[PDB]
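Scroll down for the structure; my scribbles are underneath it.
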Amino acid sequence: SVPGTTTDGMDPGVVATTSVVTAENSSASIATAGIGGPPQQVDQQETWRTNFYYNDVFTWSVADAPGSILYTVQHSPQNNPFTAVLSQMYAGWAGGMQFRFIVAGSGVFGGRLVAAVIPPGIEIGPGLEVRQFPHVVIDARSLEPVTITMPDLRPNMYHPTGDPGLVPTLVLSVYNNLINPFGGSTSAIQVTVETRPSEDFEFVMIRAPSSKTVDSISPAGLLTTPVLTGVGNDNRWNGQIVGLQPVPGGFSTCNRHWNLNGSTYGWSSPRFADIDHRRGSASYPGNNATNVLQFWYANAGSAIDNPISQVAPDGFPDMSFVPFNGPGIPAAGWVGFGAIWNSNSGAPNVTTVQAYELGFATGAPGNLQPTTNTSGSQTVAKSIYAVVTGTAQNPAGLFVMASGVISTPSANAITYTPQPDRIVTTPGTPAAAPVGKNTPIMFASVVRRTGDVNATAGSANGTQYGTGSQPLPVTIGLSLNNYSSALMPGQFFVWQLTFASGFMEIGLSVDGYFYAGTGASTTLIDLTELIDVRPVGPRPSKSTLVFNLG
Amino acid sequence: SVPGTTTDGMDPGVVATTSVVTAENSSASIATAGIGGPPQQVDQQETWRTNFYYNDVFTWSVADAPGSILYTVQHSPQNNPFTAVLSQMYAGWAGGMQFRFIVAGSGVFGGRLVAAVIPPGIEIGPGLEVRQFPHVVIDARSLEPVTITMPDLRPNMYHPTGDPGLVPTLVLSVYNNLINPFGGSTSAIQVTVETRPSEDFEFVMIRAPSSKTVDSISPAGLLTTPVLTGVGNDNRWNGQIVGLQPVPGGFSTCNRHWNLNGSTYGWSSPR
Amino acid sequence: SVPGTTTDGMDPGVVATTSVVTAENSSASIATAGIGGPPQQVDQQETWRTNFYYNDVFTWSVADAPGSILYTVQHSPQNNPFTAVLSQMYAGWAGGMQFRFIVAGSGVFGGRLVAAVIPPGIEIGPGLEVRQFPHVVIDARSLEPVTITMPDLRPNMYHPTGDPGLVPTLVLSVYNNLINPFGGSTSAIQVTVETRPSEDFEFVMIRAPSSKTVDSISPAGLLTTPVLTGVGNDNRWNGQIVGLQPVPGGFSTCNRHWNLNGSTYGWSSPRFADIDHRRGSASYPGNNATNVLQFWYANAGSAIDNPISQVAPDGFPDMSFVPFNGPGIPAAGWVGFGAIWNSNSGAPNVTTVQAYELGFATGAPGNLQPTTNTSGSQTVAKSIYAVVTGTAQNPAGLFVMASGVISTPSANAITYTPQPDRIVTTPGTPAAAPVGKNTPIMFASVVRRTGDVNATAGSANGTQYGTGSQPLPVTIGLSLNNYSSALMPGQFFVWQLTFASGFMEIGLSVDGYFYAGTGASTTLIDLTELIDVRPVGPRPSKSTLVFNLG
């Protein structure tokens, strides 16, 4: 006898068929994937083919209404961890994949789940009625696993590895409300999804692995475990990422931000080199030239140095200029050490070296006001400390070092200084907006300031944070590879961030912005107990990313 | 007609073989380990090798997330009591070892465990994912015991007792969260691990009692009963230890402090 | 009929046996790799198993003496491009591999090659007599391919994927001098090596690919094509790598340099953050405090801030201090913008902001002399331009920004400024020395200066170069992973850099230094027409790396 309480790795449990799984589909799938040649990696006795391996886990609570979606997977060789390795030596794939669900509940629970394979060409999200497709209904009291097969319903004769085309989507939604007849704090059970290729899965043509690599067919390898723990910086301050900042209002970052199409709207390369502009006018107030505040300005659009955009010099911060006058230190400003140099010889001036506040403004000879649009604006520098003399040369130049620190009027730290009310954006960049319970996030790094240059993380004076839209390895890999055929609009590419106590998901839209499903919470995420990052793949944007840190 | 509520000492229960237990692994283990001469203590009627005996017990809480480690042991003679007695009497070993798990829960509980055998070269830590190995899943409502045999996967021809080298590792983690539908104070059950050598386990060379090398006898002898309620002094002062106090936040002492690997970072020899 | 002039991909040509290939070795290899379980990926009709795929090409000239080694490969699943993909899902391997040699010569050429499989435990290099092993002799006039099989002569019962153990080595040396009876400029032919697994090759256990990944078993993925073209920086100046600098005398870099054991001797993390030191004495000369040169110094060894070494603060340059006085700009110095800050509050001073030269010196109150050893020395800063007033506080602090520029006394550029005569090294770091015709190389990046801040690559004023020991992605990946069981001492890990016109090899020693076989040439390599980088694996250090750029 074999009890139902212990299940083998190769045991499928009960096999739950659906009208979408037909012999005609299987025979047509084999017969027309044969245009790739003989099927490859089809040995039935291989260990990667015979066992089920983990794909996901999800929670089913009593508050989950009938029709609400709990699980959604897209047909891919990236669901299985071993067909994802084998796809790096083959140029195509076809066939189906089995999905084994193990429900972890007792015999006292009620409520049921429903499972349908959704054909390609149908939008996946809320309002998709899973119970009016051909479906299967699973109890909460299932002891044995329930494996359903996802066939290859494809309009192409095989899926190329780079662009697969249209694929089905397996949806597990709530059929009936899960009930606990006991009543109390214990109202949730868990369902584990595992996966294994079907008997008619195959790869079709071989190809050299030095062709389109793992970094060009999916953005799974961009956001790996050392990137988010201690190695990757951000794309604004070049500082070690120590957290995530949820932005419930939404923001819009243009500079050093790459979308999933391999394009940018900014004026900066994916690197932190210096800001060097030629022929911008420099000036200094009054008639006396001792301890004066050096000023520099140049119209946006006349920076003919960058092969990416003519708006601003490379590495210029996309922050509005905060106005200040006299010997008063401004609040929340990008300042960076630099100098004024004569354009005719390239020689920097001896005495005009200071920490210059860099930003975007509107009227440089008159009243200095901040701005966000680059149109009709100008890139404006002005030193925050005293400079002896000052170059009043009109064709003069400005050279400012790459990384920047925070201007703070006192020793005490302030909030994260690129707030969305002052981030400079060209006309045309799309904005990150909260979709469902998923709010956009930034990537906080500890950035020191001009009030305490000894201030580190956890300083008793107060810790200072600067935020970026993307990690630098993420936007470095996004500029080098194109992932248009990896995510439709209205979809996220989700990773899982396992922590020491909890676990929580982030997702990347086609715009390039990252999202965590935290709702309206503004509390910074610690990112210190982060142990593991793994990808799970394309998911709907209107499906809440999980977030529990307790 | 045993009802399943009472299990014999020799009864394994349901045998769950993942993908590592193969016949020709056993054949390539038995034939190869003849480099230690004739195999010793191989009599499959002796009671020390036919019965399951206690090794460890562990607690499965409702707060243990999926993927959390509950019970991991490297392949060793030390996972069995009588094999640990005989391992000081011999200088090499080979073969597998069965692990019988008995879950102490009623039929009202829910949640699953996952057990895999990890191959010898793999590093075991935070990044190891155990459900993406060939595994077996065990329910919290298991009445009969479940036996998972870890075979002897090895690149060496046998395992020296002082330097076994690369061994496989049985890893038992949480597959699904443990659920009590009542809630309340009861939030943890217990699993007892019994152990018994496999059909192909053996020793080879004899050697003098108490004489091996690396993997020095685990430091169970440096901390005994009197240390706390008798002799035994401190590092800064020479007084009896009257209590322990927990510091929230941590500390750092590097004067008379020696680490697992014998080394000090500082002055002041321990006297 | 099948002519010998056209050969199939699956055609082995003639099969050249050796006494090292025996039936007892094959049967023992199968019978004892069976302890891993059933053999995996052993389907004989698979396309990756049946075809030969490219491994290497090498040149055989008339100047190559009898006994000189032309080709050397180590037994590995990294020789084949498809067993290298399959090794990411398996925990072990065993069995042999075939090597197919196609000699490209006419029937007018003379001379012969010899081929032996060398057993493990034997040193590979010059003076290894291949003609006194069991061997096979191949003409220069061979029309059909010659395939010889490399058996698995192993003392382990299988090779684990991470550490394989002792493996054989296939050596192709010269048997007889290649002769052209014609005489002239055409004195070289080419031999192509291809590879295919043997019938008894296998993988033994499956494992999850999220285990020890491709970046931990071999350093092949560290030096990839975007790293050396336009993305990677260097570990000294954080600038885009535009070339390689051959150093025929040898050098020794300690700071921000990681070896293959995952260890460093430097005082810097693999990142370019700022230099922040507490309690170093600051001073300024004379009694007047206008336009004075600010000075700062602190003894090396009293920087209690770094969790890696107490020698110097994190990010401090390993360059000797070049002395200067008065209003004279020094030559070839690390200068970086910074300030002096009061240690009791962390507040930077308003007026002491300048471009400070940073270096290592010996006597700070007396005569400032340069130094290379860190022992008995001190980290010394001194501004290169005028600073109003100056903090004379003994417990004061220094904060200098991360990246540095060159100090140049005129507008004109100079040689690459971290010359090996001034690179600061702790006592204990090993030095890069020329082995054979292979000389160590650095990684030149265009670093701008204080004489022309508009100076870029190819400037009519003159281009300025700063060199580092390693690329930043290479030393970032070397700190995260340990490759002790990837290269024995006396070996290089070679990559191939294919250019538009030529192709040339670099190799990485266990010390962490890179080598190119260029002899005594000091000419900088252009690295602009670099199109492809691929790895080839462990090779002897006393075997000249190829170099032809024409």
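Have a look at the DSSP beta bridges in chain C and tell me what percent are antiparallel, nearest 5.
Bridges in chain C that DSSP calls antiparallel: roughly 95 percent.
Decide, for chain A, between rounded, prolate and oblate: order the square roots of the alpha carbon gyration tensor eigenvalues as a ≥ b ≥ c, take rounded if a/c falls under 1.5, and otherwise choose prolate if a/b is larger than b/c, else oblate. If you can, show how the numbers build up before the last one.
Values: a/c = 2.99, a/b = 2.07, b/c = 1.45.
Judged from the Cα gyration tensor, chain A comes out prolate (a/c at least 1.5, a/b above b/c).
For the protein assembly as shown, give me the percentage of DSSP beta bridges that are antiparallel, rounded to the nearest 5 percent.
If I count the DSSP bridges inside the protein assembly as shown, around 95 percent turn out antiparallel.
To the nearest whole number, what is the average tally of beta carbon atoms from other chains within 10 Å of the beta carbons of peptide C:29-40?
Per-residue shielding by partner chains comes out at 6.
How high is the relative contact order of segment A:1-117, in percent, counting Cα pairs under 8 Å that sit 6 or more residues apart?
Numbers: 38 pairs, mean separation 34.9, N = 117.
Computed value for segment A:1-117: 30 percent relative contact order.
Which is farthest toward the positive dipole end of the protein assembly as shown among A:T425, A:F503, C:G462, measuring Cα position about the Cα centre, with Cβ charges +1 (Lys, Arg) and -1 (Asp, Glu)?
C:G462
Between rounded, prolate and oblate, where does segment A:327-476 land on the alpha carbon gyration tensor, with a ≥ b ≥ c its root eigenvalues, rounded for a/c under 1.5, else prolate if a/b exceeds b/c?
oblate
Enter the Cα centre distance for the pair segment A:181-248 and segment B:151-198, rounded to the nearest angstrom.
Comparing the Cα centres of segment A:181-248 and segment B:151-198, I get a distance of 28 Å.
Work from the charge dipole of chain A (Cβ charges, +1 for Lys and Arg, -1 for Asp and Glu, about the Cα centre) and give the residue of A:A396, A:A312, A:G490 farthest towards its positive end.
Working it through, the farthest residue towards the positive pole turns out to be A:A396.
Determine the shape class of chain B: with a ≥ b ≥ c the square roots of the Cα gyration tensor eigenvalues, call it rounded for a/c under 1.5, and otherwise prolate if a/b is greater than b/c, oblate otherwise.
Oblate.
Helix A:23-33 sits at what angle to the longest principal axis of chain A, using alpha carbons and giving 0 to 90 degrees rounded to 10?
Approximately 50 degrees, to the nearest 10.
Using the Cα centre as the reference, give the magnitude of the dipole from point charges on the C-beta atoms of chain C (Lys, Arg: +1; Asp, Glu: -1; all else neutral), rounded to the nearest 20 debye.
1160
Quick one: compute the contact order of chain A, relative version, from alpha carbon pairs under 8 angstrom and 6+ residues apart, as a percent.
Values: 1426 pairs, mean separation 91.4, N = 550.
After rounding, I find 17 percent.
Starting with the fewest neighbours, write out C:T522, C:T5 ranked by other beta-carbon atoms found within 10 Å of each beta-carbon.
C:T5, C:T522
In deg cm²/dmol, rounded to 500, what helix-only [θ] at 222 nm does the protein assembly as shown give when every DSSP H run of at least 4 residues adds -39500 (n - 2.57) and the total is split over its residues?
Numbers: 13 runs with 83 residues, N = 1371.
Calculated mean residue ellipticity at 222 nm is -1500 deg cm²/dmol.
For segment A:163-229, which chymotrypsin sites (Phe, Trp or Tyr not before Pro) are both in a DSSP coil and crowded by at most 16 other Cβ atoms within 10 Å?
A:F182
Report the relative contact order of segment C:392-487, percent, no decimals, based on alpha-carbon pairs under 8 angstrom and at least 6 residues apart.
31
Values in this text are rule-based calculations from the coordinates and carry no lab data. Cβ sites come from the backbone with ideal geometry, for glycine too, and all protein chains shown count toward neighbours.
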